[PDB]
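Structure record follows, encoded as structure tokens.
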Amino acid sequence: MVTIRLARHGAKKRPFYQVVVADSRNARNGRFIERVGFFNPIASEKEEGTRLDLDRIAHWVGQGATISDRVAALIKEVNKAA
Amino acid sequence: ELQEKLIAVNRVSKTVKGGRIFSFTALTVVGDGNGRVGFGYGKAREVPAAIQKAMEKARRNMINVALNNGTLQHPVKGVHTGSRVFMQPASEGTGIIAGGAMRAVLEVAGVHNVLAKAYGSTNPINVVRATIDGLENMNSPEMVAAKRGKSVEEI
Amino acid sequence: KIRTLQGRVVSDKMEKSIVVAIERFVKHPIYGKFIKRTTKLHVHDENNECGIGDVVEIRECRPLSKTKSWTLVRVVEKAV
Amino acid sequence: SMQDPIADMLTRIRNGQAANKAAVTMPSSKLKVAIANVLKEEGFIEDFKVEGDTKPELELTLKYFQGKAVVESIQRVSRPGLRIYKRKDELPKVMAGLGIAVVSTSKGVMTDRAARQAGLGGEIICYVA
Amino acid sequence: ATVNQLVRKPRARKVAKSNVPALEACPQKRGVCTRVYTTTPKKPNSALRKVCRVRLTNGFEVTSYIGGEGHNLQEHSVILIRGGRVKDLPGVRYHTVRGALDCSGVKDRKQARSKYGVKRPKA
Amino acid sequence: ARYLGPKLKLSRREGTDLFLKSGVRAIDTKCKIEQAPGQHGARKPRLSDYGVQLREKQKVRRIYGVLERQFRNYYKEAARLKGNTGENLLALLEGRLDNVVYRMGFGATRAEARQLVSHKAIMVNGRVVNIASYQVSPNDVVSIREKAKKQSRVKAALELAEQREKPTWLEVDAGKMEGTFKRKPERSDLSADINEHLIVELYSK
RNA sequence: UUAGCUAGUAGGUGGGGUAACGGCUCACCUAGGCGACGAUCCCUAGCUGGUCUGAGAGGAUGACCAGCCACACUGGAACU
RNA sequence: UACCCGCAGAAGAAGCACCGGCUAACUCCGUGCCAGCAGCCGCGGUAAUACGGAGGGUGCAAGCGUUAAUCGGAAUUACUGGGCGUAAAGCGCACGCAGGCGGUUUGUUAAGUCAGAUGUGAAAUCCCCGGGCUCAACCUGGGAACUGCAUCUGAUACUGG
Ligand SMILES: [Mg+2]
Ligand SMILES: [Mg+2]
Ligand SMILES: [Mg+2]
Ligand SMILES: [Mg+2]
Ligand SMILES: [Mg+2]
Ligand SMILES: [Mg+2]
Ligand SMILES: [Mg+2]
Ligand SMILES: [Mg+2]
Ligand SMILES: [Mg+2]
Ligand SMILES: [Mg+2]
Ligand SMILES: [Mg+2]
Ligand SMILES: [Mg+2]
Ligand SMILES: [Mg+2]
Ligand SMILES: [Mg+2]
Ligand SMILES: [Mg+2]
Ligand SMILES: [Mg+2]
Ligand SMILES: [Mg+2]
Ligand SMILES: [Mg+2]
Ligand SMILES: [Mg+2]
Ligand SMILES: [Mg+2]
Ligand SMILES: [Mg+2]
Ligand SMILES: [Mg+2]
Ligand SMILES: [Mg+2]
């Protein structure tokens, strides 16, 4: 079905994830429906590192989109941050 | 303070009973760096006599061009025999981007920022001839105002 | 919301069908001249009320035959 | 045949001007009269008149300055063989604004400057400097 | 000239005809030496220029220059050829790559060695 | 990747002192400064228009210790940047760390300063920077790190520095062996017998 | 240095058919339909975002990344 | 692993093409229309800066040259932006269908043309200002751009009906 997950861009040894809503069958870095956040695991954390349009994430869940283990974590982490 | 530039030197030849007589030609431009440009062309058996005859010609036979803060008023086309010539007022910082023959003319003229290009024959004597006349026929925001009989914003 | 085309009837021979030509001017992509282009459409004319030469208003609809995806809305001018 | 009378108008101006003629005259037309209006209003000619009712002859009084023709160049742009239309944001300017382009709009014939200021595009009839 | 005319018959750029068709847009080609000989050049020059006829892996058979002073090439020598005409030798449109395959380097070269397939001399 | 050969040859070919030695000596007592290198140095070059453009670009490159590829890329960036390209080229050169290290007097030459940089003797903002072409920014503080502070090269380097004209846009504390890149140098800060527009001309044709 | 092409052909009625409109299919009827605004035939070719070049307009191009299509030894076929 | 500290010693780390004009860089010796060079012109028969070696020099540099290949310069297919008396180019001449173009006035229409609004023009790429790897390549935030298409509503001077 439709799922919200991380498409891994960035460079070798320097991962950078683009959070995307997509048909789960399409390849990880392939066709998606909507971009909805990003996630830098290598951010200096002096400034940002994790940004989620929670309004559109929820909208898609409301219509049955599932959510990665890793995005489900980010959302709990970001909800905690503020 | 007048600026003078040697554009091209060339060997021509004349034939007589005894054989070929070789001589030289010199094409130069003088300018005041502030809107005045002359070109000269001299002939002589030795090169120095030729480069010198030309400057002499270049000093008189000099004309004025209505510059605009070191750049042109509007794009201009020039033509003479083989050479079609084209020039544009560029913004500040660019400098003169142009062929050798034209650069020398524009430099000594005081045209600080321009886009130029020569089409057809790049024969130096006719290229410079075509540039000078282009700059010379180049009219000014004030003369068009005078012509049209109105000192509107366009003045 | 009534998208529509206007053109003239080049053939009325078929039973309940018609051929309509839509002509327009178009700027030439390279040389700038404005060129006539024509689009011929097989259109449905139940009742065959459209005569050749007529000027008619047509609309797009579902497939009616291998080549008909348009039907008649109404006649505009006729019998020049 | 006489399939572009506007080029004809431009040219009669250009040639009589080159021939240091005091005036030029041509069969009239609203469209010529609309262009003559712009020329006069922008000071490229003195004045103009149309005379007669059934076969109107239009007359343009040319203009000279330093024993020179005020009209330096005058060229047809759009033409029967190749119509040229421009949008407001695409309107050419002649001599970096020193000259003018005559433009025909939904609100009648005016200069590039005018049409620009009035948010319009149109058929580019000619350039004049 | 007319717009109308161009609208009926567009501007049509001429397609460039190549000067080394036997290469078929390859940087070199391999081939067997069919004949290995000398030939004299065109006005105003004069010499005995070393050339070879070479049947290439793609069937083409061409004449190719053997530059440098001295070469040990014969029939059935397998060589590598590259583009490059010999101007005073009409017909000759390729050069042999000295020091590749069966073609040896020029003997005793010190300057421009790499254009003649010559190793750097121990020194 | 670095020019390693004789240095005064370069000065001799360009017709000027390129500061490739400390300055302890009048350069004319170390070489025939006013004569090109080689058998035909005495010969005069009746030098083409292309020639003068080439030599001027070489001159600047040889001053800063930059090879062609990097220097061309410097031109490209100067061009892309806003404002006069010629001046932008010199800002970029003058912002190099090996250069700045030299101007604060930590190195007798840009070559020596570069070695200081490469050999992890220089810090920027208390952080070790060891690549010569590191672009230094306004308000940065470059310093000799503690362990490199007792190197006698550095003391000598600061002495000579005190005898050169003192650059405006740098605040140097000789005691601490730290210094501050206050601002980008203006054009007027840099020598006036550099002809950038020639270099600009060479790279536009 | 290809000018004519077309019998399921173009349309109509009705039955059948598909997940669904449809000559998709069949019978009957009408004689149409396409074409110099290039049909038919012949040669070549996956298309695009874009890539390279060029001041631009253009020219050339369609590896790597992404979107669509097509194929899975060759030709054909359906089953789930 | 990145990165940080320590040890040993300049220690293990420089080649390639070019130097007649175009084109930055010149001399000697050898050869003698030979051997050979050659992107174009063109070098070689006794002083060859053009062949080959040397010394010297110029340009690049972990590359440097040669070949192949696209565009550029090429206004040399010219829409922007060319030509046809003698340079390549007016059909030997006329009539004429299709086609292109069409004098002047009014009204009408509103397809061309013009304006506005709305939707769409995937992301990446390009560009701008920032952020992150010691810098850079590279990665990345936001923007701008996608100059296009379509629908609706208007304007009516010019073109078309
Ligand atoms: Mg020419
Ligand atoms: Mg490198
Ligand atoms: Mg049925
Ligand atoms: Mg194929
Ligand atoms: Mg793959
Ligand atoms: Mg692969
Ligand atoms: Mg793909
Ligand atoms: Mg199969
Ligand atoms: Mg030289
Ligand atoms: Mg050579
Ligand atoms: Mg000799
Ligand atoms: Mg090539
Ligand atoms: Mg071209
Ligand atoms: Mg021509
Ligand atoms: Mg005659
Ligand atoms: Mg002829
Ligand atoms: Mg005739
Ligand atoms: Mg009305
Ligand atoms: Mg940074
Ligand atoms: Mg980005
Ligand atoms: Mg963005
Ligand atoms: Mg996009
Ligand atoms: Mg009308």
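Chain letters run A, B, ... following the sequence lines, proteins first and then strands; every chain starts at 1. Quick note: numbers below take in every heavy atom, side chains included, and nothing from hydrogens, waters or symmetry partners.
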Q. Out of H/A24, H/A38, H/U134, which nucleotide sits closest to the side chain of F/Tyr134?
A. H/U134

Q. For H/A47, does the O4'-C1'-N9-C4 (purine) or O4'-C1'-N1-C2 (pyrimidine) torsion place it in syn, i.e. within 90° of 0, or in anti?
A. syn

(Q) Syn or anti for G/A7, given that syn means the glycosidic angle lies within 90° of 0? (A) syn

Do the bases of [N] and [M] pair up, Watson-Crick or G-U wobble style, with both gaps under 3.5 Å?
N	M	result
H/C60	H/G15	yes
H/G143	H/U125	no
H/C149	H/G81	no

Is there a donor and acceptor pair, one atom on the side chain of [X] and one on the base of [N], closer than 3.5 Å?
X	N	value
C/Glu15	G/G11	yes
F/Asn130	H/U134	yes
D/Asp4	H/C101	no
A/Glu47	H/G131	no
E/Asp88	H/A38	yes
A/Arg51	H/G141	no

For every nucleotide of [range], 5' to 3': is a protein heavy atom under 4.0 Å from its base (B), only from its sugar-phosphate (S), or from neither (-)?
range	value
nucleotides 150-161 of chain H	SS---BSBBS--
nucleotides 32-37 of chain G	SSSS-B
nucleotides 10-20 of chain H	B---BSSSS--
nucleotides 67-80 of chain H	BSS----SBBBBS-

Q: Going by the salt bridge (charged side-chain N to carboxylate O under 4.0 Å, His left out) test, name the single residue among D/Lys88, D/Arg87, D/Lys86 that passes it with D/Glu90.
A: D/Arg87

**Q.** E/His95 and E/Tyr65 aromatic ring geometry - parallel, tilted or perpendicular at 30°/60° bounds
**A.** tilted

Q: Tell me whether the OP1 or OP2 atom of G/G38 has a side-chain N or O from E/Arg8 closer than 4.0 Å.
A: no

(Q) With a cut-off of less than 4.0 Å, is there a side-chain N or O of C/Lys16 near OP1 or OP2 of G/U13? (A) yes

Q.
For H/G57, give the paired nucleotide (Watson-Crick: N1-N3 plus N6-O4 or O6-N4; G-U: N1-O2 and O6-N3; both under 3.5 Å), or none.
A. H/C18

Q: Searching all strands shown, indicate the nucleotide that pairs with H/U113 (Watson-Crick or G-U wobble; both distances under 3.5 Å).
A: H/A155

**Q.** Length of the line joining F/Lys82:NZ and H/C127:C1', which is rounded to integer Å
**A.** 10 Å

Q. Whole Å only: how far is the NZ atom of F/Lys57 from the P atom of H/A24?
A. 13 Å

Q: For RNA chain G, determine which residues of residues 32-39 of chain A have any heavy atom closer than 4.0 angstrom to one of its atoms, and list them numerically.
A: none

(Q) Among residues at least two apart in sequence or on other chains, which ones pass salt bridge (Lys or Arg N to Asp or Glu O under 4.0 Å) with F/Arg62? (A) F/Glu14

